[PDB]
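Before any questions on binding or motion, here is one chain by itself as structure tokens, the form deposited in one PDB entry.
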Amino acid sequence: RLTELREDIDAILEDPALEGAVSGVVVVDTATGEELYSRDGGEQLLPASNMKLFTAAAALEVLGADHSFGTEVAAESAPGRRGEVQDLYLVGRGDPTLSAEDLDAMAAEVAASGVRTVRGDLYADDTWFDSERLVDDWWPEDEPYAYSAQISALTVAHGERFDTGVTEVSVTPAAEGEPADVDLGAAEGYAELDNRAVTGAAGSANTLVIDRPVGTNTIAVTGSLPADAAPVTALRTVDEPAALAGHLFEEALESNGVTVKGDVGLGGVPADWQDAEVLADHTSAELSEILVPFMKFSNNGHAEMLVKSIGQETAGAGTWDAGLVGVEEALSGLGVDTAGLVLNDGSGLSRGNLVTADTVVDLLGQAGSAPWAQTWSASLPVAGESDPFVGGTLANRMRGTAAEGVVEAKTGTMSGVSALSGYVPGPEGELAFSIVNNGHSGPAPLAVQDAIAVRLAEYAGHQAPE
């Protein structure tokens, strides 16, 4: 059987979709520790989102499944007679799941706390992390999109997938000839809008485009949306995720009967205050829970926020430099050889990252036996599973095959980069694998990755459903 498996993979790797592409492929039997297959396992390649694997493991080691994040509201001293206060500070400490609901819940506490007026200014404190919003080598052209959202300690998360630093932009068609109707979602009143979009005739081509011009906090909409066209929605990042959290909290307070006479702005709690009053606070779910949405949908904001949290825990510094070193350290304490590893960021978006298929499998074996093995493997996306929170970025892959609901693996794709690394649980042996492709020029070789994952699932003792 073994010999057949090897030949089969060699054949699959013969796909023309992998021309001019270096591919690191490693397969190992977790149980026996046997090396079922290996090709360029020591070759340094860009891992794309697969990099999140290393960040996720590091997070469990340094923060732990138990870990959770907090958000506070503080005044110099509690309110009194007329229930007034001067400056109010919204302090974020890395919660990547802070919803607008959470903010409203807090706006309520501040009110129940006896506050009716914020005579001073309302400040958003995100100093828990540095202000380095984007990784040095991230392409500025990717900035308008969610996966490239600015990183901040205080940031609001959209939806149940917790997309940070973004706002939801909607474009609804009007009558042919009339301007299209644009809604900026949360960023309303915060970001500037330049709506040049127009309703085209019914049946006309949809040429609409939503964008945030680099270096601005403006949502520019151009193009034409046909009248008979279904309203469009999109996620666009904003500048200074904190200034937005402050804006929404500003609106949350007002909604909870608390007036704010000042202005919303960035700024940390004076430190001059020996006993600031904590009018309100929120605590997120534990890391083990937050891991799911992070890994299932591959959330870059979460990965980066995690690195800096690790930087805070290991060195008291929400910095990529600190966190990254902390990640590399943690991986070592886990028994992983970080020799051919190069960490430039936590999400894998950075072209500066480098790993080797061997290192990945290495991290898979170790992680597989660590105390948090369960919560860990449970965050990985499962092959061909409709439910988004289970299938993740693999919901629409390998369906109706031996891998369906069997292969647990992290995906990762960029131009010329693609990877699929994970586990293949089975009666014929517990398998760990890694596939990293760099160099291909057409689309990502996802069918090749699947083909291999499906053959492995079979080798592990699984049959396609009928």
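Think of the rigid core as the biggest set of C-alphas that the two forms share within 1.5 Å after superposition. For every residue, the number given is its place in the sequence shown, counted from 1.
Taken in 9 other deposited structures of this protein and fitted on the core, 270 to 278 and 388 to 396 differ in how far their Cα atoms move from the shown form, and the one that moves more is 270 to 278.
Greater C-alpha displacement in 9 other deposited structures of this protein (rigid core superposition, RMS over structures and residues), of 44 to 52 versus 428 to 436: 428 to 436. Per-stretch averaging of Cα B factors for 25 to 33 and 409 to 417 places 25 to 33 on top. Set 361 to 369 against 300 to 308 and average the Cα temperature factors; 361 to 369 ends up higher. If you compare the C-alpha temperature factors of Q274, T155, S347, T237 in the entry, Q274 comes out highest. The maximum CA B-factor among the listed residues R212, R133, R93, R81, taken from the PDB record, is found at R81. In the PDB entry, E458 places in the middle third of its chain by CA B-factor. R399: CA B factor lies in the middle third for its chain, per the PDB record.
In the deposited entry, the Cα temperature factor of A317 places it in the lowest third of its chain's modelled residues.
For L431, the recorded CA B-factor ranks within the highest third of the chain. Only modelled residues enter the ranking.
Residue-level temperature factors show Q150 in the lowest third of its chain, judged at the C-alpha atom.
Heads up, the form solved in complex with a small molecule isn't pictured, but that's what we're talking about next.
Here the marked residues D142, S298 and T413 all reach the small molecule in the bound PDB entry, each with a heavy atom within 4.5 angstroms. Using a 4.5 angstroms threshold between heavy atoms, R119 stays clear of the small molecule in the bound PDB entry. Residue contact with the small molecule in the bound PDB entry: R351 places a heavy atom within 4.5 Å of it. None of the heavy atoms of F389 is located within 4.5 Å of the small molecule in the bound PDB entry.
For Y147, a non-hydrogen atom is located within 4.5 Å of the small molecule in the bound PDB entry, even though that partner is not displayed. For the options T55, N437, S421, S49, the residue carrying a heavy atom within 4.5 angstroms of the small molecule in the bound PDB entry is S49. Only one of 398 to 406, 61 to 69, 31 to 39, 413 to 421 lies within 4.5 Å of the small molecule in the bound PDB entry by heavy atoms, and it is 413 to 421.
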